[PDB]
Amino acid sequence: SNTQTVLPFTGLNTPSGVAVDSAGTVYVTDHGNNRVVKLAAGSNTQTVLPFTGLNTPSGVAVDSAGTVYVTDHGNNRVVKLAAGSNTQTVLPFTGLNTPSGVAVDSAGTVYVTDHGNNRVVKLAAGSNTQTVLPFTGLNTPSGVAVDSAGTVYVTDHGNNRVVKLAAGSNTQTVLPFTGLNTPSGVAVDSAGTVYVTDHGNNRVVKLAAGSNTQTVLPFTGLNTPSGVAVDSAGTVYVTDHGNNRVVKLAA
């Protein structure tokens, strides 16, 4: 499609992160309102999820079980809320500094960009012991995504680049995007195409697997886009942070 639609969220203030579940429900961190909202597919009415005590939530992820994970940026913690639950749980990460992005793989392992510590950490399901991933030279990493192969993609915000680390690899690779300015968010679809919010350039770019040539997606009127998500239909969802809105673009 060449034509975005603005999703019917209400009252957003600088939305940061977005995620979409297998049912097409869209989850958004309403950063400026210390809340997380969701919108079911076709619904005109959001619901505020029952998290407690959030401070400028940044990133959001949702797993196949419908559990919602949120980086509670201002409180240096990551919280999760099981589907239908009333009570969040704080995940046992240690030593976070302004965590910024979160992703969850098919095994339930949780990956977090520890923005203030220039590192990415992961926590296996049920584990009490995080592991720091062997990225090199990160500067304020913002967003993270993980594909079905376990490859981890990170927007290295301060270095104007996107890096990836294959499962079990010691050595990251810098993806061949061009001309990025403070990239914030990243998503990867089932075909391995990587989508990045090029925050400082008011645009969203994608790079197909093995391609050397990005394409700029035909969104219009973006202002400092933060987060991006892609569903199984290839629809791309973007938090248009500066315009207090969320937009989507069908394939």
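In this text, the rigid core denotes the largest set of C-alpha atoms whose superposition between the two forms falls within 1.5 Å. Residue indices: 1-based, along the sequence shown.
Colleague: Which stretch is more displaced from the shown form in 8 other deposited structures of this protein, 83-91 or 159-167, with RMS over structures and residues of Cα positions after a rigid core fit?
Modeller: Between 83-91 and 159-167, greater C-alpha deviation in 8 other deposited structures of this protein belongs to 83-91.
Colleague: For the stretches 214-222 and 56-64, which has the higher mean C-alpha B-factor as given in the deposited record?
Modeller: Higher mean C-alpha B-factor: 214-222.
Colleague: Pick between 40-48 and 27-35: the one whose mean CA B-factor in the entry is higher.
Modeller: Averaging CA B-factors over each stretch, the winner is 40-48.
Colleague: Checking the entry, which one of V144, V163, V121, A124 has the top C-alpha B factor?
Modeller: Of the candidates given, the C-alpha B-factor peaks at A124.
Colleague: Would you mind checking which of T151, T71, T113, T136 has the top Cα temperature factor in the PDB entry?
Modeller: Within the set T151, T71, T113, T136, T136 shows the top C-alpha B-factor.
Colleague: Please say which third, lowest, middle or highest, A251 falls into when its CA temperature factor is compared across its chain.
Modeller: Highest third of the chain for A251's C-alpha B-factor.
Colleague: Lowest, middle or highest third of the chain for the C-alpha temperature factor of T94?
Modeller: Highest third, going by the recorded CA B-factors of the chain.
Colleague: Looking at the temperature factor on the CA atom of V78, which third of the chain's modelled residues does it land in?
Modeller: Lowest third - that is where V78 ends up once the chain's C-alpha B-factors are sorted.
Colleague: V132: which third of its chain by C-alpha temperature factor?
Modeller: Its C-alpha B-factor, which the entry lists for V132, ranks in the middle third among residues of this chain.
Colleague: Quick check on the deposited entry: does the C-alpha B-factor of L207 sit in the lowest, middle or highest third of its chain?
Modeller: Ranked within chain, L207 CA B lands in the middle tercile.
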